[PDB]
2 protein chains.
Amino acid sequence: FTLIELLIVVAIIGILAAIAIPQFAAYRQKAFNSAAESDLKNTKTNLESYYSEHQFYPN
Amino acid sequence: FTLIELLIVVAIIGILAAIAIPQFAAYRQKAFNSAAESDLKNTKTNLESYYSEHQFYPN
């Protein structure tokens, strides 16, 4: 209710809004690379599964 | 219109002109001190305002 208090509130809000958030692009790239890894491993397993019914890999 | 009445008039005028007026120097000093007080408070508010755009007081 005092013009000093509101100015201090504005200053503290400006201080708090400048917090450095963590990097997110690399964080998501981690998940993307893990997805690629899992896909490759599952593809290897599926290919070796196919090599059981017949005696040759695809093509 | 009588020399007695005019003398009484002079006496009453002399009586009325001797009235003790209130002290005025202190009365004006009150306003001066209030002005100093308000100026100091406004200076504090302005300094805290400046401390919002930047993160340091002047100088």
# chains A, B, ... in the order shown; residues from 1 in each chain; ligands from 1
call {"tool": "closest_atom_pairs", "arguments": {"of": "chain A", "to": "chain B", "cutoff": "8 Å", "atoms": "only C-alpha atoms", "output": "CSV"}}
result
residue,atom,partner,partner_atom,distance
A:3,CA,B:45,CA,7.5
A:4,CA,B:45,CA,5.8
A:7,CA,B:49,CA,6.2
A:8,CA,B:48,CA,7.3
A:10,CA,B:52,CA,7.2
A:11,CA,B:52,CA,4.9
A:14,CA,B:52,CA,7.9
call {"tool": "write_last_selection", "arguments": {"atoms": "N, CA and C atoms", "output": "compact mmCIF listing (two decimals), in the first residue's frame"}}
result
# COMPACT_ATOMS: atom_id res chain seq x y z
N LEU A 3 4.15 3.21 -2.07
CA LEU A 3 4.81 3.24 -3.38
C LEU A 3 6.22 2.67 -3.33
N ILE A 4 6.84 2.64 -2.15
CA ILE A 4 8.14 2.00 -2.01
C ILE A 4 8.00 0.48 -2.11
N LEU A 7 7.46 -0.79 -5.70
CA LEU A 7 8.69 -0.73 -6.47
C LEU A 7 9.63 -1.87 -6.10
N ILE A 8 9.72 -2.18 -4.80
CA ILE A 8 10.55 -3.31 -4.39
C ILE A 8 9.98 -4.62 -4.94
N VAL A 10 8.35 -4.95 -7.77
CA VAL A 10 8.73 -4.99 -9.18
C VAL A 10 10.18 -5.41 -9.33
N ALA A 11 11.06 -4.88 -8.48
CA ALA A 11 12.47 -5.26 -8.55
C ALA A 11 12.66 -6.75 -8.28
N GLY A 14 11.48 -8.78 -11.26
CA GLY A 14 12.49 -8.75 -12.31
C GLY A 14 13.69 -9.63 -11.98
call {"tool": "select_by_dssp", "arguments": {"residues": "chain B", "states": "alpha helix (DSSP H)", "output": "MDAnalysis selection string"}}
result
chainID B and resid 3:16 25:53
call {"tool": "write_last_selection", "arguments": {"atoms": "N, CA and C atoms", "output": "tab-separated table (two decimals), in the first residue's frame"}}
result
chain	number	residue	atom	x	y	z
B	3	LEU	N	-13.39	67.15	22.67
B	3	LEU	CA	-11.97	66.87	22.87
B	3	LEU	C	-11.73	65.71	23.82
B	4	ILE	N	-12.71	65.40	24.68
B	4	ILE	CA	-12.59	64.23	25.53
B	4	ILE	C	-12.73	62.95	24.71
B	5	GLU	N	-13.69	62.92	23.79
B	5	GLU	CA	-13.94	61.71	23.01
B	5	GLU	C	-12.75	61.36	22.13
B	6	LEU	N	-12.12	62.36	21.52
B	6	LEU	CA	-10.97	62.10	20.65
B	6	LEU	C	-9.79	61.56	21.46
B	7	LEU	N	-9.59	62.08	22.66
B	7	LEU	CA	-8.53	61.57	23.52
B	7	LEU	C	-8.80	60.12	23.92
B	8	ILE	N	-10.05	59.80	24.23
B	8	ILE	CA	-10.39	58.41	24.55
B	8	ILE	C	-10.17	57.52	23.33
B	9	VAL	N	-10.48	58.04	22.13
B	9	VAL	CA	-10.24	57.28	20.90
B	9	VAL	C	-8.76	56.99	20.74
B	10	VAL	N	-7.91	57.99	20.99
B	10	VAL	CA	-6.47	57.79	20.89
B	10	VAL	C	-6.01	56.74	21.89
B	11	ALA	N	-6.53	56.80	23.12
B	11	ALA	CA	-6.16	55.81	24.13
B	11	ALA	C	-6.56	54.40	23.71
B	12	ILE	N	-7.76	54.24	23.16
B	12	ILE	CA	-8.22	52.92	22.76
B	12	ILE	C	-7.42	52.41	21.57
B	13	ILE	N	-7.06	53.30	20.64
B	13	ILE	CA	-6.22	52.90	19.52
B	13	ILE	C	-4.87	52.42	20.01
B	14	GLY	N	-4.27	53.15	20.95
B	14	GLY	CA	-3.00	52.72	21.52
B	14	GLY	C	-3.12	51.39	22.24
B	15	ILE	N	-4.26	51.16	22.90
B	15	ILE	CA	-4.48	49.88	23.57
B	15	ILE	C	-4.56	48.75	22.56
B	16	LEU	N	-5.29	48.97	21.46
B	16	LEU	CA	-5.53	47.90	20.50
B	16	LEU	C	-4.30	47.61	19.64
B	25	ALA	N	8.32	33.16	13.15
B	25	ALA	CA	9.54	32.50	12.71
B	25	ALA	C	9.44	30.99	12.88
B	26	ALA	N	9.02	30.54	14.07
B	26	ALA	CA	8.84	29.11	14.29
B	26	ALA	C	7.75	28.54	13.39
B	27	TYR	N	6.70	29.32	13.13
B	27	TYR	CA	5.61	28.84	12.28
B	27	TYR	C	6.12	28.53	10.88
B	28	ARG	N	6.96	29.40	10.33
B	28	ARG	CA	7.55	29.15	9.02
B	28	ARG	C	8.60	28.04	9.07
B	29	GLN	N	9.35	27.95	10.18
B	29	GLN	CA	10.33	26.88	10.31
B	29	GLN	C	9.67	25.51	10.31
B	30	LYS	N	8.44	25.43	10.82
B	30	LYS	CA	7.68	24.18	10.73
B	30	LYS	C	7.51	23.75	9.28
B	31	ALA	N	7.07	24.67	8.42
B	31	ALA	CA	6.88	24.35	7.01
B	31	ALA	C	8.20	23.99	6.35
B	32	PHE	N	9.28	24.70	6.70
B	32	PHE	CA	10.58	24.38	6.13
B	32	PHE	C	11.01	22.96	6.49
B	33	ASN	N	10.85	22.58	7.76
B	33	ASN	CA	11.22	21.23	8.18
B	33	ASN	C	10.35	20.18	7.50
B	34	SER	N	9.06	20.46	7.35
B	34	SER	CA	8.19	19.52	6.65
B	34	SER	C	8.62	19.35	5.20
B	35	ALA	N	9.04	20.44	4.55
B	35	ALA	CA	9.54	20.35	3.19
B	35	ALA	C	10.79	19.48	3.13
B	36	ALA	N	11.70	19.65	4.09
B	36	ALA	CA	12.90	18.81	4.13
B	36	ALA	C	12.53	17.34	4.29
B	37	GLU	N	11.57	17.05	5.17
B	37	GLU	CA	11.13	15.68	5.40
B	37	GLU	C	10.58	15.06	4.12
B	38	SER	N	9.67	15.77	3.45
B	38	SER	CA	9.08	15.26	2.22
B	38	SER	C	10.13	15.05	1.14
B	39	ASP	N	11.08	15.97	1.03
B	39	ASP	CA	12.15	15.82	0.05
B	39	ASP	C	12.97	14.56	0.33
B	40	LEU	N	13.30	14.31	1.59
B	40	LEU	CA	14.07	13.10	1.91
B	40	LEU	C	13.29	11.84	1.56
B	41	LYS	N	12.00	11.81	1.90
B	41	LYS	CA	11.20	10.62	1.59
B	41	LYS	C	11.12	10.38	0.09
B	42	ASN	N	10.89	11.45	-0.68
B	42	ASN	CA	10.82	11.30	-2.13
B	42	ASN	C	12.16	10.88	-2.71
B	43	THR	N	13.27	11.36	-2.13
B	43	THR	CA	14.58	10.92	-2.60
B	43	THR	C	14.79	9.44	-2.36
B	44	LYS	N	14.36	8.94	-1.20
B	44	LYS	CA	14.45	7.50	-0.94
B	44	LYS	C	13.64	6.72	-1.97
B	45	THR	N	12.42	7.18	-2.26
B	45	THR	CA	11.59	6.47	-3.23
B	45	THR	C	12.23	6.48	-4.62
B	46	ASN	N	12.80	7.62	-5.02
B	46	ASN	CA	13.45	7.70	-6.33
B	46	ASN	C	14.67	6.79	-6.41
B	47	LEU	N	15.46	6.72	-5.34
B	47	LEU	CA	16.62	5.85	-5.35
B	47	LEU	C	16.21	4.39	-5.47
B	48	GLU	N	15.18	3.98	-4.74
B	48	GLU	CA	14.72	2.60	-4.87
B	48	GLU	C	14.09	2.35	-6.24
B	49	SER	N	13.54	3.39	-6.87
B	49	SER	CA	13.08	3.24	-8.25
B	49	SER	C	14.24	2.98	-9.19
B	50	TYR	N	15.33	3.74	-9.04
B	50	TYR	CA	16.50	3.53	-9.88
B	50	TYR	C	17.04	2.12	-9.68
B	51	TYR	N	17.03	1.63	-8.45
B	51	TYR	CA	17.54	0.29	-8.18
B	51	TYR	C	16.73	-0.81	-8.87
B	52	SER	N	15.70	-0.47	-9.66
B	52	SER	CA	14.92	-1.48	-10.36
B	52	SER	C	15.39	-1.68	-11.79
B	53	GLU	N	15.62	-0.59	-12.54
B	53	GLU	CA	16.14	-0.74	-13.90
B	53	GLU	C	17.48	-1.45	-13.91
call {"tool": "atom_distance", "arguments": {"atom1": "atom CA of residue 2 of chain A", "atom2": "atom CA of residue 59 of chain B"}}
result
26.2 Å
call {"tool": "atom_distance", "arguments": {"atom1": "atom CA of residue 58 of chain B", "atom2": "atom CA of residue 18 of chain A"}}
result
22.1 Å
